[PDB]
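A.B. asks: Pasting the sequence and an experimental structure:
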Amino acid sequence: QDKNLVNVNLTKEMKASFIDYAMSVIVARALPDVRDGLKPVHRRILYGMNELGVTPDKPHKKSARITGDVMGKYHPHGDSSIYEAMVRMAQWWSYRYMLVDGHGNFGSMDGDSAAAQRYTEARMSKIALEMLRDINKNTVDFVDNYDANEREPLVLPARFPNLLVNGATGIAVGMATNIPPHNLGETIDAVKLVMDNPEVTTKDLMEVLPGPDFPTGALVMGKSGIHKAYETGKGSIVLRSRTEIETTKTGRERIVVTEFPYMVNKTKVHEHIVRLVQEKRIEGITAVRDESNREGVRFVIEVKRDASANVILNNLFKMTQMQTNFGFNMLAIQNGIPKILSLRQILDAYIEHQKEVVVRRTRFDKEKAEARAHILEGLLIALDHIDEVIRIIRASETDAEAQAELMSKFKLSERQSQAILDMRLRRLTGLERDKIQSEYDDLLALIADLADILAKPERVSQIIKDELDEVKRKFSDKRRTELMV
Amino acid sequence: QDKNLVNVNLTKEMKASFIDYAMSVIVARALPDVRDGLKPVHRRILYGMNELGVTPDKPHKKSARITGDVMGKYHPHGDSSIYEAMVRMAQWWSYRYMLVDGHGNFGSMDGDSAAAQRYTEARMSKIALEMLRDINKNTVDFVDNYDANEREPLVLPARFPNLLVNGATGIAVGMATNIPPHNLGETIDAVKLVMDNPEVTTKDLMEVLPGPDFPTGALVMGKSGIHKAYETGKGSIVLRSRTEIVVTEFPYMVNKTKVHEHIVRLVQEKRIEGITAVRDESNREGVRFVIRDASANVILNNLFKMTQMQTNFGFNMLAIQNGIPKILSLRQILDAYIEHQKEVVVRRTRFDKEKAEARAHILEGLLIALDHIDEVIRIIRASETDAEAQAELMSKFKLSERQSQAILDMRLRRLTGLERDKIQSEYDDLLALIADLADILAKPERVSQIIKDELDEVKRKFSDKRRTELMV
Amino acid sequence: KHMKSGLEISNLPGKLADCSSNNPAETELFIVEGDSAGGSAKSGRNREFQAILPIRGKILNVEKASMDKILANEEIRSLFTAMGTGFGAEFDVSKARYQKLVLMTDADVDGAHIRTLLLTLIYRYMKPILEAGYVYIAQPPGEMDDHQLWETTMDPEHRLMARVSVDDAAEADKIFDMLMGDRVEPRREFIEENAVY
Amino acid sequence: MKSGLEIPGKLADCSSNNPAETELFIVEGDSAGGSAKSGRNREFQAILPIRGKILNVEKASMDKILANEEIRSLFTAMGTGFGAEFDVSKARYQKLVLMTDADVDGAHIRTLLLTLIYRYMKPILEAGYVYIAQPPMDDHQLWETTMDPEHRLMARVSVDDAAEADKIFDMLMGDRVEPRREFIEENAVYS
DNA sequence: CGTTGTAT
DNA sequence: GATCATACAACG
DNA sequence: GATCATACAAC
DNA sequence: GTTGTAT
Ligand SMILES: N[C@@H]1[C@H]2CN(c3nc4c(cc3F)c(=O)c(C(=O)O)cn4-c3ccc(F)cc3F)C[C@@H]12
Ligand SMILES: N[C@@H]1[C@H]2CN(c3nc4c(cc3F)c(=O)c(C(=O)O)cn4-c3ccc(F)cc3F)C[C@@H]12
Ligand SMILES: [Mg+2]
Ligand SMILES: [Mg+2]
């Protein structure tokens, strides 16, 4: 048998193992971060793509290449789980604002699965670049990867409220989040509104952010739940398919669907209708044909003579998924803890994270702008005393002594001294000085401006507001989901 | 109803479509190059691992990382197709000399498959690095990949006879190759003995190379087939298992479990008595296959003649030489390798040659500049433009465009005293180098010696003891 | 103006994105390779006269397969079930569901092989269909975009198709007996005589 | 020891017929199964891969429970029986070691397997036949670390109060979600 | 029961 | 490459 | 992740 | 059936 055997209590071990898997799924898998509105796998795909160099400017790369690096450097799980997560944020019906531009079969609305990774190639969407803007100016903290040989970002800059804009879902342990997509411009207007007038109430915010704006469109029935969700983080809403009654060329009614509810498969509802029509659970249907093309959705349910389309229409609404309900459960990770936040809480969380990113960037720009000017001051004095500088160098045996003399003679730092020693002879021309002067002067201005921004919180907000207006100005859509009472 | 329809004969499209898939599967999938003894996939995995930086000295990388790159850059196929190849190059029972060092579950000799690419990481083998030696010194030709956005080698240097050492297989279209492994040392001996006495015979070559040396060991009954194989390129041989009733070593490409399962089936069919038991007491270091009034020698003799304990290996040395598939002999394979080895050394030598001379040229200018650093600075400082500064320096000190540029891009910290003597030391050494490389290209005798010497170095570092005992 | 109305049992294969029309004189049956291409075809095919039937892997070589193995093959069975023609002593060309059978394999060398495996099946066990001029071969300018596949190969107003016509049945029977026959010598000798490396 | 020639698809069985020294390792996935099987001492140690996540028997219909192929494989291995056929005096192994991966997902499979064992194999746990591997991978890696009796470290699963036990399972892996989320909010330090 | 989305 | 069961919450 | 058919040559 | 690169 064994030698060194320990004893474990069933209730003890079970509570420990479950508590581990519990928190692991909560703050490191299911729920997203309230700041960048991203989950671990979604954040690692975006960052991983950024390092792969697959920006909107650059060409596409094979999907297997993208998941291969993300799985081998950041996301320590199955390859499929990474690919599926990638394909989803490249579909116009899954993501209100796609974060991935794909090339090839990325699946269809009818539940079709995207082609294998050895066929499809992808890259960052133009808007996804806003999620990574100023990523390398130290605006986001980093941490060691699972392998402890790669460094990844805990969060992203996220220059647009991705949480409210793309929604979230959702299944974890003991909890579950469910957030609907919103219009970009409307969400940005909501952000700006809460920034200028802190005393704004939920109603005031709903004036610019009426409610959900799903990618497929469809209708919303009853705004009572919308206000409830924004004020409590919880609420119920009714989603109905946009429809209209046509008259066939024979003279009988024709039920036409053009915009099914969110996360609703057309074919699945098609099969559900035939299953109900051939079961006598619903009579009056002449035929159910899908005439949807690669330029519009057209689900036609023609009605027979002596049969009310409206009677059959409402029956389909009450028996099929053609009209469902959206359970508002705005849960997100904030301060390392899962929380059920309201609309204001989500916004105030974004504005704060937005302020920190801008300040960090200003500091970084400042610290680098001055560090350069310092060297320019050295190279300048060097170009002024080129002879005595060249004399001190040539008369020196070791670079340490040569540098030491330059530092002592011209009163230069170790950094400034090395900069002079690394000067190319081509930098000793006549027009080279006036160039370094022009650059140095420009540094003084930038350092002054950046010093002011960090000195005035009024500017940082204005910088956020202005930058937001540019995001909306370039990526905003027209509203698709019509809210009605 | 179509608008622009065309007519295509059934026979015409059949012959065209078939020849397209035939040649594509023959000279770019199933058959290995007679040079580096690799197929398109294995050659891409190696070069892939090389570029990714999974060298024997560096740490491992997840297979998904490796497969991800080899696919999206070179091999336009499936993950499983690639990862399956990589796993084969890491199994001691698959290759006589592994080309991959993998960590984790990479399968077993019992037929057990490898684990997912999300669990196993790997890297190049030490000896595998010999396959890529001087790949960056213009030793091999490169081509564009399927995407036309990358470049790959049409063949690796292969500083060791990979084809005869590891073997080859197998199934193509209208043809099929089958080459058994050999000892690294034995093969290197043959290559040298050929470079020494071109008038050698088949019997002579077999003096340094007895025959195959399978990574499982076992025994090869008979030698008459080995001769006809090395001579004509085709032949047959019988492989027996090492027993003592316990089986210690099974023949090549033979599953111990499968033999076990087939033994149980033969036991429950009255096709063999005495079979009291048949267990598999093989460990993680030793393999033991345990099999009254039965004589055993009669039952054991039947087991080898009925089961798979004794298989037959059919020699069919087919490879791609000069773009065409040919049934090569042992001498033909050695010649094809020796010639490839000469092309690389010469190519490499030319590469070092051209680089050294180029370095010396720029070094000459720097010395000329350092000797006249006063006027050189005077010319540059009075220069109107960098273009003018280069023109003056070229006209004054009689320097080339490159030399002038090399001077303009001189850091001030290089204008010290000890710097000049440092460049002269480097320069004077190059003249000996350039003069040495010149003699190597001028004298074919040295290129042959360099190949031999570098081969014995590989035989000294990676060759093993003979595993397969030949019998008669 | 004939068509369909759903609700029908059909009992057709699990795959097969069948069209809307029911007139075997305008409808088209696309035999694609894998769901990677099928999905790209199934979406953007004018779901009215073009049905996509995905074939998975390499179709069995009927010339080297026993009849007991052909009747067991599921992929081939899903093909005859889609046509609704019949098998052997039941093959009725005047009952086929499609008058246009478009082979649309990948543009790679392997696609040319699967294309070869199909033509043998269509010539060995669906001869009447080929002799009637129904089997066509798509001429792509593959896992392309939805709007790409239709605008290039699927739209009859711009697509270029090729009609598979049989000249001499004697020469035809010999070509299949050589290229896909059980004989390897004649095939190896053919490839050695008709290949320009 | 057995003699073979007798008659699950997986489950690499040992070579002995003594359920007093023989041991069965329940590892997750065939990826882990290969490494464990390639160095297990095929004499008194058998391995059995549990493909995917085991079904939570504390929230599943007994019809779905009897339907699960994975549970059917584990019970078929032990040879104990089920329900009324529960014969602990016929167990083919005196040591059922649960060897899940070190990651959280492996920890979850540990809780699932424990619930399954505690609910429908209690006579086993009550007899102290269930252990838990203590990993700190190659074949010699797992052998010289967790699978070697002379070394390694086991965790004998022992239940103190059945009432507290029955409560724990019901609370954590029970149907009631609210009582579960409360336990998370209670016993869990995030920041 | 099924479905949603990251996981085994 | 296609499919196959399951944890997990919540609404159906 | 595991499993399923198949071409292709040659015993 | 089994070998190994492929769909
Ligand atoms: N009726 C037959 C289907 C196809 N089968 C297999 N397919 C595999 C594979 C294995 C199969 F059994 C693979 O192993 C594979 C790969 O890339 O490794 C791709 N595929 C693969 C699957 C689908 C396809 F369209 C093409 C393929 F190459 C079995 C049943
Ligand atoms: N008897 C049950 C086997 C396992 N099932 C599936 N497994 C999948 C998957 C899908 C399955 F239906 C996956 O999709 C997957 C992945 O990584 O994407 C891994 N796996 C997966 C397979 C095996 C395993 F041990 C763990 C896994 F996560 C169903 C039948
Ligand atoms: Mg999966
Ligand atoms: Mg495969």
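C.D. replies: The structure has been received and is ready for your questions. Numbers count the residues shown, from 1 in each chain, chains lettered A, B, ... in the order given. Ligands and ions are numbered 1, 2, ... in the order given.
A.B. asks: What parts of chain A come near chain C?
C.D. replies: Applying CB under 8 Å from any CB of the partner chain, we find that chain A lies next to chain C at A:103-105, A:107-108, A:110, A:112-116, A:119-120, A:270, A:274, A:277-278, A:285-294. C-beta here means a position set from N, CA and C on the backbone, and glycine is covered the same way.
A.B. asks: Which ones among those map onto helices?
C.D. replies: A:270, A:274, A:277 (DSSP state H).
A.B. asks: Report how many residues lie close to the closest residue to the last one other than its chain neighbours.
C.D. replies: If you skip the residues right next to it in sequence, residue A:277 has residue A:285 as its closest partner in space, 4.9 Å away by CB to CB, 6 or more residues apart in numbering or on different chains. Residue A:285 has 24 neighbours, counted by other CB atoms under 10 Å in any protein chain shown.
A.B. asks: got it, and residue C:17?
C.D. replies: The burial count assigned to residue C:17 is 20, neighbours taken as other CB under 10 Å.
A.B. asks: residue boundaries of the strands in the stretch 301-450 of chain A?
C.D. replies: A:323-329, A:331-334, A:337-340 (DSSP state E, counting those that start in this stretch).
A.B. asks: Please identify the deepest-packed of those.
C.D. replies: Greatest average neighbour count among the strands of the stretch 301-450 of chain A goes to strand A:331-334 (a mean of 21), per mean count of other CB atoms under 10 Å in any protein chain shown.
A.B. asks: Can you give me the neighbour number for the residue in the stretch 301-450 of chain A positioned nearest to DNA strand E?
C.D. replies: Relative to DNA strand E, the nearest point of the stretch 301-450 of chain A is residue A:321 (8.4 Å; CB to the nearest atom of the strand). Neighbours of residue A:321 under the rule other CB under 10 Å: 18.
A.B. asks: what's the distance between it and residue A:354?
C.D. replies: Going from residue A:321 to residue A:354 by CB to CB, to the nearest Å gives 38 Å.
A.B. asks: So stretch C:143-157, near chain A or not?
C.D. replies: Yes. Stretch C:143-157 reaches chain A (CB under 8 Å from any CB) through C:143-147, C:150.
A.B. asks: buried ones in that stretch?
C.D. replies: Across stretch C:143-157, burial judged by 16 or more other CB atoms under 10 Å in any protein chain shown covers C:143-146, C:148-154, C:156.
A.B. asks: What about the residue lying closest to residue C:49 once chain neighbours are set aside, how many residues nearby?
C.D. replies: Using CB to CB, 6+ apart and skipping the chain neighbours, the partner closest in space to residue C:49 is residue C:27 (4.7 Å). As a burial measure, residue C:27 scores 19 neighbours (other CB under 10 Å).
A.B. asks: Can you pull the phi/psi pair for residue C:27?
C.D. replies: Dihedral angles of residue C:27 (phi, psi; degrees, to the nearest 10) stand at phi -60, psi 160.
A.B. asks: gap between stretch A:276-293 and the chain center?
C.D. replies: On the basis of CA atoms, centre = their mean, to the nearest Å, stretch A:276-293 sits 40 Å off its chain's mean C-alpha point.
A.B. asks: and residue A:69, what is it in contact with?
C.D. replies: A:48, A:51-52, B:65, B:68 (CB atoms under 8 Å, 6 or more residues apart in numbering or on different chains).
A.B. asks: Any part of stretch C:189-197 near DNA strand G?
C.D. replies: No. Contact of stretch C:189-197 with DNA strand G (CB under 7 Å from any atom of the strand) is absent, the minimum separation being 8.2 Å.
A.B. asks: CA atoms of that stretch as PDB?
C.D. replies: Taking Å, rounded to 0.1, in the frame of the first residue of the first chain, the C-alpha atoms of stretch C:189-197 are listed here in PDB:
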ATOM      1  CA  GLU C 189       2.400   3.700 -66.500                       C
ATOM      2  CA  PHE C 190      -0.200   6.300 -67.500                       C
ATOM      3  CA  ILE C 191       1.100   8.900 -65.000                       C
ATOM      4  CA  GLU C 192       4.600   8.200 -66.200                       C
ATOM      5  CA  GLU C 193       3.700   8.900 -69.800                       C
ATOM      6  CA  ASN C 194       1.300  11.800 -69.300                       C
ATOM      7  CA  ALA C 195       3.000  14.000 -66.700                       C
ATOM      8  CA  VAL C 196       5.200  17.100 -67.300                       C
ATOM      9  CA  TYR C 197       7.200  17.800 -64.100                       C
END
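A.B. asks: what about that stretch, near chain B?
C.D. replies: Yes. Counting by CB under 8 Å from any CB, chain B has neighbours in stretch C:189-197: C:190-192, C:194-195, C:197.
A.B. asks: buried set for that stretch?
C.D. replies: C:190-191.
A.B. asks: Please state the offset of that stretch from the chain centre?
C.D. replies: Between the centre of stretch C:189-197 and the centre of its chain there are 27 Å (CA atoms, centre = their mean).
A.B. asks: what sits up against that stretch?
C.D. replies: Applying CB under 8 Å, 6+ apart, the contact partners of stretch C:189-197 are B:15, B:19, B:22-23, B:26-27, B:173-174, B:323-324, C:178-179.
A.B. asks: sorry, back to before: adding distance to ligand 1, write the strands of the stretch 301-450 of chain A out as TSV.
C.D. replies: Below are these laid out as TSV (distance: least, CB to the nearest ligand atom, whole Å):
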stretch	distance to ligand 1
strand A:323-329	34
strand A:331-334	38
strand A:337-340	40
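A.B. asks: May I see those strands organised as TSV, with distance to chain B added?
C.D. replies: Below are these laid out as TSV (distance: least, CB to the nearest CB, whole Å):
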stretch	distance to chain B
strand A:323-329	32
strand A:331-334	26
strand A:337-340	28
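A.B. asks: Now distance to DNA strand H too, for these, in a markdown table please.
C.D. replies: What follows is the strands of the stretch 301-450 of chain A, written out as a markdown table (distance: least, CB to the nearest atom of the strand, whole Å):
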| stretch | distance to DNA strand H |
| --- | --- |
| strand A:323-329 | 39 |
| strand A:331-334 | 41 |
| strand A:337-340 | 44 |
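A.B. asks: which non-adjacent residue is nearest residue 5?
C.D. replies: As the question left the chain open, I've gone with chain A. residue D:154 (4.7 Å).
A.B. asks: If that neighbour is in a bridge, with which residues?
C.D. replies: Under the criterion DSSP bridges, residue D:154 forms beta bridges with residue A:5, residue D:133.
A.B. asks: That concludes my questions; thank you for your assistance.
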